[PDB]
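Have a look at the structure below before the remarks.
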Amino acid sequence: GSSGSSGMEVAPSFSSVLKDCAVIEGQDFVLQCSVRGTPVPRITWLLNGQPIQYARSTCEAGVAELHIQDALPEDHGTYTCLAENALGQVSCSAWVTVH
């Protein structure tokens, strides 16, 4: 036998990666996805480059969300949601379009 305890940590992963989405200039759009892991991986969104500073992201029940109000024509790019923890590290990309 071997001593052990139930309820061990886990590595980060994306069950439902982000998908393409379109929105009208001036409208609101929140990027919702699914990510698992333990402990909860760090959620940081970036605009095809540097991380966002005015992002009120909200991770609940392993659900990373990013509310983006005032969809500007200069936002149309590729949102990257990095998720890493003491266990592993993973990242995903997305494609948001602004009419």
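Ligands are numbered from 1 in the order shown, residues from 1 within each chain, and chains are lettered A, B, ... in the order they appear in the structure tokens.
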Check your understanding: Leaving out residue 75 of chain A and any residue of its chain fewer than 3 positions from it, which residues lie within 12 Å of it when counting only C-alpha atoms, given as a ChimeraX atom specification?
Key -> /A:22-26,29,46-49,52,68-72,78-79,95-99
**Study point:** chain A: residues DSSP assigns to strand (DSSP E or B), reported as a ChimeraX atom specification
**Key:** /A:10-16,21-23,29-32,34-38,44-47,51,58-60,63-68,77,79-84,89-93,96-98
Only N, CA and C atoms, please: the residues just picked out, written as a tab-separated table (two decimals), in the first residue's frame.
```
chain	number	residue	atom	x	y	z
A	10	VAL	N	-4.67	19.80	-9.57
A	10	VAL	CA	-4.75	19.42	-10.97
A	10	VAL	C	-4.12	20.48	-11.86
A	11	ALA	N	-3.76	20.08	-13.08
A	11	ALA	CA	-3.14	21.00	-14.03
A	11	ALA	C	-4.20	21.81	-14.77
A	12	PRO	N	-3.81	23.00	-15.25
A	12	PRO	CA	-4.72	23.90	-15.98
A	12	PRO	C	-5.07	23.35	-17.36
A	13	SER	N	-6.30	23.63	-17.80
A	13	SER	CA	-6.76	23.17	-19.10
A	13	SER	C	-8.01	23.93	-19.54
A	14	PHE	N	-8.26	23.95	-20.84
A	14	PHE	CA	-9.42	24.64	-21.39
A	14	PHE	C	-10.42	23.65	-21.98
A	15	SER	N	-11.56	23.49	-21.31
A	15	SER	CA	-12.59	22.57	-21.76
A	15	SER	C	-13.30	23.12	-23.00
A	16	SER	N	-13.55	24.43	-23.00
A	16	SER	CA	-14.23	25.08	-24.11
A	16	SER	C	-13.51	26.36	-24.51
A	21	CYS	N	-16.57	35.73	-32.73
A	21	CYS	CA	-17.77	36.47	-32.35
A	21	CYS	C	-17.77	37.85	-32.99
A	22	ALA	N	-18.96	38.31	-33.40
A	22	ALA	CA	-19.09	39.61	-34.03
A	22	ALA	C	-19.99	40.53	-33.20
A	23	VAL	N	-19.69	41.83	-33.24
A	23	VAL	CA	-20.47	42.81	-32.49
A	23	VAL	C	-20.51	44.15	-33.22
A	29	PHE	N	-20.00	43.16	-25.37
A	29	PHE	CA	-19.75	41.75	-25.63
A	29	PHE	C	-18.79	41.17	-24.59
A	30	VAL	N	-19.20	40.07	-23.97
A	30	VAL	CA	-18.38	39.41	-22.96
A	30	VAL	C	-17.91	38.04	-23.43
A	31	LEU	N	-16.60	37.84	-23.42
A	31	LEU	CA	-16.02	36.57	-23.85
A	31	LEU	C	-16.05	35.55	-22.72
A	32	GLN	N	-16.91	34.55	-22.86
A	32	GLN	CA	-17.04	33.50	-21.85
A	32	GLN	C	-16.43	32.19	-22.35
A	34	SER	N	-14.42	28.15	-20.83
A	34	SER	CA	-14.33	27.15	-19.77
A	34	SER	C	-12.88	26.73	-19.54
A	35	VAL	N	-12.45	26.80	-18.29
A	35	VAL	CA	-11.08	26.42	-17.93
A	35	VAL	C	-11.04	25.73	-16.58
A	36	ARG	N	-10.38	24.58	-16.52
A	36	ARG	CA	-10.26	23.82	-15.28
A	36	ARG	C	-8.83	23.86	-14.76
A	37	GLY	N	-8.65	23.43	-13.51
A	37	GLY	CA	-7.33	23.42	-12.91
A	37	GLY	C	-7.38	23.60	-11.41
A	38	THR	N	-6.25	23.35	-10.75
A	38	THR	CA	-6.17	23.48	-9.30
A	38	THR	C	-4.72	23.58	-8.84
A	44	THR	N	-5.43	36.15	-17.23
A	44	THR	CA	-4.95	37.42	-17.75
A	44	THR	C	-5.24	37.55	-19.24
A	45	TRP	N	-6.05	38.53	-19.60
A	45	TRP	CA	-6.40	38.76	-21.00
A	45	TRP	C	-5.48	39.80	-21.63
A	46	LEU	N	-5.13	39.57	-22.90
A	46	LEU	CA	-4.26	40.49	-23.62
A	46	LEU	C	-4.75	40.70	-25.05
A	47	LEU	N	-4.52	41.90	-25.57
A	47	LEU	CA	-4.94	42.23	-26.93
A	47	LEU	C	-3.80	42.02	-27.92
A	51	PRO	N	-1.17	42.82	-21.93
A	51	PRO	CA	-2.37	42.50	-21.15
A	51	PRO	C	-3.26	43.72	-20.93
A	58	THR	N	-14.06	38.00	-14.78
A	58	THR	CA	-14.65	37.34	-13.62
A	58	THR	C	-14.66	35.83	-13.79
A	59	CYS	N	-13.89	35.14	-12.96
A	59	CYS	CA	-13.80	33.68	-13.02
A	59	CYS	C	-14.66	33.05	-11.94
A	60	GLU	N	-15.73	32.38	-12.36
A	60	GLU	CA	-16.64	31.72	-11.42
A	60	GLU	C	-16.88	30.27	-11.82
A	63	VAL	N	-15.16	29.29	-14.74
A	63	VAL	CA	-15.65	29.95	-15.95
A	63	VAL	C	-15.06	31.35	-16.09
A	64	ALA	N	-14.08	31.49	-16.97
A	64	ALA	CA	-13.44	32.78	-17.20
A	64	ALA	C	-14.26	33.64	-18.14
A	65	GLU	N	-14.60	34.85	-17.70
A	65	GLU	CA	-15.39	35.77	-18.51
A	65	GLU	C	-14.72	37.14	-18.57
A	66	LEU	N	-14.86	37.81	-19.71
A	66	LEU	CA	-14.27	39.13	-19.90
A	66	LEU	C	-15.28	40.09	-20.52
A	67	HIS	N	-15.83	40.97	-19.68
A	67	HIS	CA	-16.81	41.95	-20.14
A	67	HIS	C	-16.13	43.11	-20.86
A	68	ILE	N	-16.53	43.35	-22.10
A	68	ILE	CA	-15.96	44.43	-22.89
A	68	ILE	C	-17.04	45.38	-23.39
A	77	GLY	N	-9.32	42.17	-32.83
A	77	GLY	CA	-8.05	41.48	-32.86
A	77	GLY	C	-8.14	40.05	-32.36
A	79	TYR	N	-7.92	38.02	-28.76
A	79	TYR	CA	-7.81	38.00	-27.31
A	79	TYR	C	-7.17	36.70	-26.82
A	80	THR	N	-6.14	36.83	-25.99
A	80	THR	CA	-5.44	35.67	-25.45
A	80	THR	C	-5.64	35.56	-23.95
A	81	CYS	N	-6.20	34.43	-23.52
A	81	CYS	CA	-6.44	34.19	-22.10
A	81	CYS	C	-5.47	33.16	-21.54
A	82	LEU	N	-4.45	33.64	-20.84
A	82	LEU	CA	-3.44	32.76	-20.25
A	82	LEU	C	-3.90	32.23	-18.90
A	83	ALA	N	-3.74	30.93	-18.70
A	83	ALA	CA	-4.14	30.29	-17.45
A	83	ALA	C	-3.09	29.29	-16.98
A	84	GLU	N	-2.34	29.66	-15.95
A	84	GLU	CA	-1.30	28.79	-15.41
A	84	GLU	C	-1.38	28.73	-13.88
A	89	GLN	N	0.61	24.84	-17.01
A	89	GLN	CA	0.38	26.13	-17.64
A	89	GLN	C	-0.20	25.96	-19.04
A	90	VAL	N	-1.27	26.70	-19.33
A	90	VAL	CA	-1.92	26.63	-20.63
A	90	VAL	C	-2.42	28.00	-21.07
A	91	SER	N	-2.62	28.16	-22.37
A	91	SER	CA	-3.10	29.42	-22.92
A	91	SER	C	-3.95	29.19	-24.17
A	92	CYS	N	-4.89	30.10	-24.41
A	92	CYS	CA	-5.77	29.99	-25.57
A	92	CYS	C	-5.95	31.35	-26.24
A	93	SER	N	-6.38	31.32	-27.50
A	93	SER	CA	-6.59	32.55	-28.26
A	93	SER	C	-8.04	32.66	-28.74
A	96	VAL	N	-12.21	38.17	-32.14
A	96	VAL	CA	-13.38	39.03	-32.00
A	96	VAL	C	-13.45	40.06	-33.12
A	97	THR	N	-14.62	40.19	-33.73
A	97	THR	CA	-14.82	41.14	-34.81
A	97	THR	C	-15.78	42.25	-34.40
A	98	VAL	N	-15.49	43.47	-34.83
A	98	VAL	CA	-16.33	44.62	-34.51
A	98	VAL	C	-16.81	45.32	-35.78
```
Practice item. Determine the nearest neighbour of residue 86 of chain A from the options A:18, A:28, A:33, A:41, counting only C-alpha atoms. Key: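 Under the stated criterion, the closest residue is A:41.
Atom pair atom CA of residue 20 of chain A / atom CA of residue 87 of chain A has a distance of 29.1 Å (rounded to one decimal).
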Exercise for review: One decimal, Å: what's the distance from atom CA of residue 27 of chain A over to atom CA of residue 42 of chain A, could you say?
Suggested key: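 Between atom CA of residue 27 of chain A and atom CA of residue 42 of chain A the gap works out to 27.7 Å.
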Study note, to complete from the structure: Atom pair atom CA of residue 19 of chain A + atom CA of residue 39 of chain A, distance 25.1 Å
